[PDB]
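Reproduced below: start14.cif, with mmCIF, C-alpha atoms and all ligand atoms.
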data_final
#
loop_
_atom_site.group_PDB
_atom_site.id
_atom_site.type_symbol
_atom_site.label_atom_id
_atom_site.label_comp_id
_atom_site.auth_asym_id
_atom_site.auth_seq_id
_atom_site.Cartn_x
_atom_site.Cartn_y
_atom_site.Cartn_z
ATOM 1 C CA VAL E 3 0.000 0.000 0.000
ATOM 2 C CA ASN E 4 1.220 3.591 -0.672
ATOM 3 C CA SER E 5 0.155 7.267 -0.090
ATOM 4 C CA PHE E 6 -0.843 8.120 -3.685
ATOM 5 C CA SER E 7 -4.557 9.113 -3.840
ATOM 6 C CA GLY E 8 -7.127 9.723 -6.611
ATOM 7 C CA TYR E 9 -5.171 8.017 -9.442
ATOM 8 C CA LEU E 10 -6.848 6.088 -12.262
ATOM 9 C CA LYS E 11 -5.178 2.678 -12.794
ATOM 10 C CA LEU E 12 -4.117 2.199 -16.433
ATOM 11 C CA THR E 13 -2.157 -1.055 -16.092
ATOM 12 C CA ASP E 14 -0.690 -3.375 -13.470
ATOM 13 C CA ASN E 15 2.008 -0.750 -12.722
ATOM 14 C CA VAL E 16 1.005 2.624 -14.255
ATOM 15 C CA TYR E 17 -1.393 5.101 -12.650
ATOM 16 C CA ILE E 18 -2.434 8.604 -13.806
ATOM 17 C CA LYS E 19 -3.987 11.721 -12.263
ATOM 18 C CA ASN E 20 -4.797 15.330 -13.267
ATOM 19 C CA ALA E 21 -2.364 17.062 -10.867
ATOM 20 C CA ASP E 22 0.354 19.731 -10.281
ATOM 21 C CA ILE E 23 3.507 17.567 -9.823
ATOM 22 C CA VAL E 24 4.686 20.249 -7.435
ATOM 23 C CA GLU E 25 1.524 20.082 -5.249
ATOM 24 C CA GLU E 26 1.487 16.291 -5.472
ATOM 25 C CA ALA E 27 5.133 16.031 -4.401
ATOM 26 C CA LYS E 28 4.536 18.465 -1.502
ATOM 27 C CA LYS E 29 1.607 16.296 -0.272
ATOM 28 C CA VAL E 30 3.042 12.758 -0.787
ATOM 29 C CA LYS E 31 6.807 13.374 -0.209
ATOM 30 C CA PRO E 32 7.518 10.434 -2.497
ATOM 31 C CA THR E 33 10.834 8.590 -2.363
ATOM 32 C CA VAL E 34 11.401 9.713 -6.018
ATOM 33 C CA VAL E 35 10.008 12.639 -8.027
ATOM 34 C CA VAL E 36 11.052 12.721 -11.679
ATOM 35 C CA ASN E 37 12.120 16.006 -13.262
ATOM 36 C CA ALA E 38 11.721 16.694 -16.999
ATOM 37 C CA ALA E 39 15.343 17.785 -17.222
ATOM 38 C CA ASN E 40 17.615 18.936 -20.042
ATOM 39 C CA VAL E 41 21.264 17.867 -20.428
ATOM 40 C CA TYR E 42 22.538 21.085 -18.760
ATOM 41 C CA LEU E 43 20.118 20.748 -15.793
ATOM 42 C CA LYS E 44 18.975 24.323 -16.531
ATOM 43 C CA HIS E 45 15.561 24.301 -14.866
ATOM 44 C CA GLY E 46 14.014 27.306 -16.628
ATOM 45 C CA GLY E 47 10.387 26.299 -17.313
ATOM 46 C CA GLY E 48 7.767 23.522 -17.530
ATOM 47 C CA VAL E 49 8.234 20.664 -15.001
ATOM 48 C CA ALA E 50 11.882 21.619 -14.304
ATOM 49 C CA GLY E 51 11.092 25.360 -13.902
ATOM 50 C CA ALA E 52 8.135 24.662 -11.557
ATOM 51 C CA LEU E 53 9.967 22.039 -9.446
ATOM 52 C CA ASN E 54 13.009 24.279 -9.116
ATOM 53 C CA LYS E 55 10.862 27.313 -8.111
ATOM 54 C CA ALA E 56 9.212 25.167 -5.405
ATOM 55 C CA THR E 57 12.726 24.436 -3.970
ATOM 56 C CA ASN E 58 13.501 28.202 -3.824
ATOM 57 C CA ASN E 59 16.255 27.585 -6.464
ATOM 58 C CA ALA E 60 18.085 25.000 -4.290
ATOM 59 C CA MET E 61 17.568 22.421 -7.075
ATOM 60 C CA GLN E 62 19.367 24.756 -9.538
ATOM 61 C CA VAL E 63 22.241 25.429 -7.112
ATOM 62 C CA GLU E 64 22.767 21.684 -6.584
ATOM 63 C CA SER E 65 22.435 21.047 -10.334
ATOM 64 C CA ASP E 66 25.036 23.661 -11.229
ATOM 65 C CA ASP E 67 27.553 21.951 -8.933
ATOM 66 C CA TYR E 68 26.655 18.545 -10.511
ATOM 67 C CA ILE E 69 27.310 19.868 -14.037
ATOM 68 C CA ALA E 70 30.522 21.644 -13.029
ATOM 69 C CA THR E 71 31.829 18.286 -11.719
ATOM 70 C CA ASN E 72 30.370 15.787 -14.230
ATOM 71 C CA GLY E 73 29.484 17.679 -17.376
ATOM 72 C CA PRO E 74 26.155 17.410 -19.206
ATOM 73 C CA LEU E 75 23.825 14.421 -19.166
ATOM 74 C CA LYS E 76 23.054 12.429 -22.315
ATOM 75 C CA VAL E 77 19.675 12.733 -24.052
ATOM 76 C CA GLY E 78 17.909 9.604 -22.730
ATOM 77 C CA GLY E 79 20.019 9.667 -19.548
ATOM 78 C CA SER E 80 19.462 10.639 -15.937
ATOM 79 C CA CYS E 81 21.027 11.445 -12.599
ATOM 80 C CA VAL E 82 19.791 11.148 -9.031
ATOM 81 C CA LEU E 83 20.021 14.326 -6.918
ATOM 82 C CA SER E 84 18.291 15.585 -3.812
ATOM 83 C CA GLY E 85 14.521 15.935 -3.722
ATOM 84 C CA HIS E 86 14.891 18.956 -1.440
ATOM 85 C CA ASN E 87 11.517 19.823 0.138
ATOM 86 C CA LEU E 88 9.589 17.812 -2.472
ATOM 87 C CA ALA E 89 10.794 14.195 -2.212
ATOM 88 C CA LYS E 90 13.688 12.148 -0.855
ATOM 89 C CA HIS E 91 15.329 12.098 -4.290
ATOM 90 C CA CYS E 92 14.827 13.772 -7.652
ATOM 91 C CA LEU E 93 15.516 11.626 -10.701
ATOM 92 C CA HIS E 94 16.435 14.137 -13.419
ATOM 93 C CA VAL E 95 15.563 12.409 -16.719
ATOM 94 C CA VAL E 96 16.316 13.885 -20.150
ATOM 95 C CA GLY E 97 13.709 13.022 -22.729
ATOM 96 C CA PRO E 98 14.316 14.132 -26.317
ATOM 97 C CA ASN E 99 13.230 17.693 -27.074
ATOM 98 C CA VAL E 100 11.452 17.706 -30.468
ATOM 99 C CA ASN E 101 11.856 21.572 -30.533
ATOM 100 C CA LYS E 102 15.708 20.819 -30.710
ATOM 101 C CA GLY E 103 15.270 18.026 -33.370
ATOM 102 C CA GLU E 104 16.246 15.096 -31.024
ATOM 103 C CA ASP E 105 15.425 11.469 -31.984
ATOM 104 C CA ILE E 106 12.039 10.468 -30.467
ATOM 105 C CA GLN E 107 13.358 6.812 -30.285
ATOM 106 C CA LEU E 108 15.409 8.154 -27.328
ATOM 107 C CA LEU E 109 12.125 8.436 -25.391
ATOM 108 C CA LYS E 110 12.210 4.693 -24.626
ATOM 109 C CA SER E 111 15.797 5.004 -23.308
ATOM 110 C CA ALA E 112 14.645 7.938 -21.123
ATOM 111 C CA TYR E 113 11.808 5.896 -19.586
ATOM 112 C CA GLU E 114 14.160 2.948 -18.939
ATOM 113 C CA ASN E 115 15.731 5.060 -16.144
ATOM 114 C CA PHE E 116 12.483 4.708 -14.178
ATOM 115 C CA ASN E 117 13.089 0.934 -13.869
ATOM 116 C CA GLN E 118 15.937 1.623 -11.385
ATOM 117 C CA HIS E 119 13.340 2.866 -8.828
ATOM 118 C CA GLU E 120 10.546 0.771 -7.338
ATOM 119 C CA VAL E 121 8.030 3.679 -7.075
ATOM 120 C CA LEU E 122 8.079 7.132 -8.744
ATOM 121 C CA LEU E 123 5.967 10.266 -9.131
ATOM 122 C CA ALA E 124 6.589 11.515 -12.673
ATOM 123 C CA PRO E 125 5.447 13.696 -15.554
ATOM 124 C CA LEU E 126 5.070 12.397 -19.080
ATOM 125 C CA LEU E 127 8.554 12.606 -20.590
ATOM 126 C CA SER E 128 9.070 14.793 -23.640
ATOM 127 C CA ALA E 129 5.534 16.274 -23.262
ATOM 128 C CA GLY E 130 4.736 19.961 -22.807
ATOM 129 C CA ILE E 131 7.496 22.302 -23.961
ATOM 130 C CA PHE E 132 9.627 19.297 -25.086
ATOM 131 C CA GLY E 133 7.269 19.044 -28.073
ATOM 132 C CA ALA E 134 6.396 15.326 -28.247
ATOM 133 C CA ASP E 135 2.866 13.918 -28.521
ATOM 134 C CA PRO E 136 1.789 13.123 -24.923
ATOM 135 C CA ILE E 137 -0.357 10.197 -26.172
ATOM 136 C CA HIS E 138 2.822 8.674 -27.589
ATOM 137 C CA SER E 139 4.733 9.429 -24.370
ATOM 138 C CA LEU E 140 2.106 7.578 -22.317
ATOM 139 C CA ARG E 141 2.251 4.568 -24.667
ATOM 140 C CA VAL E 142 6.083 4.402 -24.396
ATOM 141 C CA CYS E 143 5.795 4.744 -20.607
ATOM 142 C CA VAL E 144 3.353 1.821 -20.333
ATOM 143 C CA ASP E 145 5.412 -0.335 -22.683
ATOM 144 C CA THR E 146 8.798 0.473 -21.023
ATOM 145 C CA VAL E 147 8.374 1.100 -17.295
ATOM 146 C CA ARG E 148 7.905 -2.038 -15.191
ATOM 147 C CA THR E 149 8.166 -0.354 -11.769
ATOM 148 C CA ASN E 150 5.248 1.490 -10.210
ATOM 149 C CA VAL E 151 4.785 4.919 -11.744
ATOM 150 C CA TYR E 152 2.286 7.581 -10.716
ATOM 151 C CA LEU E 153 1.905 10.069 -13.577
ATOM 152 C CA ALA E 154 0.810 13.663 -12.880
ATOM 153 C CA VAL E 155 -0.726 15.490 -15.842
ATOM 154 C CA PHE E 156 -0.852 19.305 -15.694
ATOM 155 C CA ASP E 157 -3.781 19.929 -18.093
ATOM 156 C CA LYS E 158 -7.344 18.734 -17.262
ATOM 157 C CA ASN E 159 -8.071 18.737 -21.003
ATOM 158 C CA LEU E 160 -5.003 16.611 -21.845
ATOM 159 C CA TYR E 161 -5.619 14.281 -18.889
ATOM 160 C CA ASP E 162 -9.129 13.496 -20.185
ATOM 161 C CA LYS E 163 -7.809 12.939 -23.707
ATOM 162 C CA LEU E 164 -5.017 10.574 -22.443
ATOM 163 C CA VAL E 165 -7.552 8.469 -20.496
ATOM 164 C CA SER E 166 -10.233 8.413 -23.228
ATOM 165 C CA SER E 167 -7.721 7.388 -25.939
ATOM 166 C CA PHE E 168 -5.787 4.805 -23.841
ATOM 167 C CA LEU E 169 -5.656 1.320 -25.340
HETATM 168 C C1 LIG S 1 2.943 17.376 -14.491
HETATM 169 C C2 LIG S 1 3.320 18.838 -14.648
HETATM 170 N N1 LIG S 1 3.664 19.325 -15.824
HETATM 171 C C3 LIG S 1 4.017 20.600 -15.961
HETATM 172 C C4 LIG S 1 4.012 21.393 -14.838
HETATM 173 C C5 LIG S 1 4.381 22.884 -14.826
HETATM 174 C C6 LIG S 1 3.637 20.830 -13.631
HETATM 175 N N2 LIG S 1 3.624 21.638 -12.447
HETATM 176 N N3 LIG S 1 3.294 19.574 -13.572
#
Encoding of this model in structure tokens:
Amino acid sequence: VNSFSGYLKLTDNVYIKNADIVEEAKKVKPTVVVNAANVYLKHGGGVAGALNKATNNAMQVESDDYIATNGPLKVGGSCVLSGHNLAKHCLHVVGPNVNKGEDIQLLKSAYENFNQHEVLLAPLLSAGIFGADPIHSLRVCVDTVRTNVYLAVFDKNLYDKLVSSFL
């Protein structure tokens, strides 16, 4: 049994809710919240911008030190950093950004990072300002992630379309 409330069950392991990942993280304090990161961990907008704002910029400070030591992530890659006031850990995952011309096949690689964590609160990778089709992102999630994932979807309109169209 876990703390997550109000989710619709899509599959054995994938659950979805119309929610603000920030407000959901603040309520649940999950072991892992996933950030929709870029390779530079520059958390300027969308999921990354909102999560970072909720940490009072502590996520960005920590991220800048990570990049100065390790250099950029790979598209499709991830790193584990602090969850600050939102979660125990933040899994920063880089989905491909279609608005930069990145290969959408890297979306599966991105979701494979979730399998290293038994339970996660996450957004749909490569959705929103990353430019991918969220319907496609949800399909790749369901077909890739085997651990228990609780998806928070920002738009009520998009949420209803994801549920109605789910196979
Ligand atoms: C799931 C989600 N996507 C985007 C934003 C900004 C947010 N707060 N939550």
### Query
Could you list as a list in words every residue that has an atom within 12 Å of (3.2, 11.8, -28.8), using the file's coordinates and counting all atoms listed in the file?
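Protein, DNA and RNA residues close to (3.2, 11.8, -28.8): residues 98, 99, 100, 106, 107, 109, 126, 127, 128, 129, 130, 132, 133, 134, 135, 136, 137, 138, 139, 140, 141, 142, 143, 160 and 164 of chain E.
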### Task
Let me have all residues with an atom within 12 Å of ligand LIG 1 (chain S), counting all atoms listed in the file, laid out as a VMD selection string.
chain E and resid 18 to 28 35 to 39 45 to 56 123 to 132 136 152 to 158 160 to 161
### Long-range neighbours of residue 77 (chain E) as a list in words, 8 Å cut-off, all atoms listed in the file, 4 positions minimum in chain
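Once the adjacent positions are removed, what remains is residues 40, 41, 96, 97, 98, 108 and 112 of chain E.
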### Message
Let me make sure I understand: among E:145, E:64, E:104, E:114, which one has the smallest atom-to-atom distance to residue 14 (chain E) if we use only C-alpha atoms?
### Response
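Closest to residue 14 (chain E), using only C-alpha atoms: E:145.
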### Pairwise distance for CA of residue 122 (chain E) and CA of residue 78 (chain E), rounded to one decimal in Å
17.3 Å
#### Entry: Proximity to residue 76 (chain E) - best of E:60, E:151, E:95, E:169, only C-alpha atoms
E:95
### Task
Could you give me, as number ranges by chain, the residues that have an atom at most 10 Å away from the point (17.8, 14.3, -3.6) in the coordinates of the file, using all atoms listed in the file?
E: 33-35, 61, 64, 81-94
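As for CA of residue 16 (chain E) and CA of residue 166 (chain E), they are spaced 15.5 Å apart.
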Can you sort out the box for region 35-43 of chain E, edges along x, y and z, all listed atoms in, 4 Å on every side, with centre and edge lengths in Å to one decimal, as JSON?
{"center_x": 16.3, "center_y": 16.9, "center_z": -14.2, "size_x": 20.5, "size_y": 16.4, "size_z": 20.4}
### Query
residue 42 (chain E): which residues within 9 Å, counting only C-alpha atoms, same-chain residues fewer than 6 positions away excluded, as a list in words?
residues 65, 66, 69, 73, 74 and 75 of chain E
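The interatomic distance for the pair CA of residue 43 (chain E) and CA of residue 105 (chain E) works out to 19.2 Å.
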### Query
Nearest to residue 13 (chain E) among E:119, E:148, E:57, E:167, with distances taken over only C-alpha atoms: which residue is it?
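Of the candidates, the smallest distance to residue 13 (chain E) is held by E:148.
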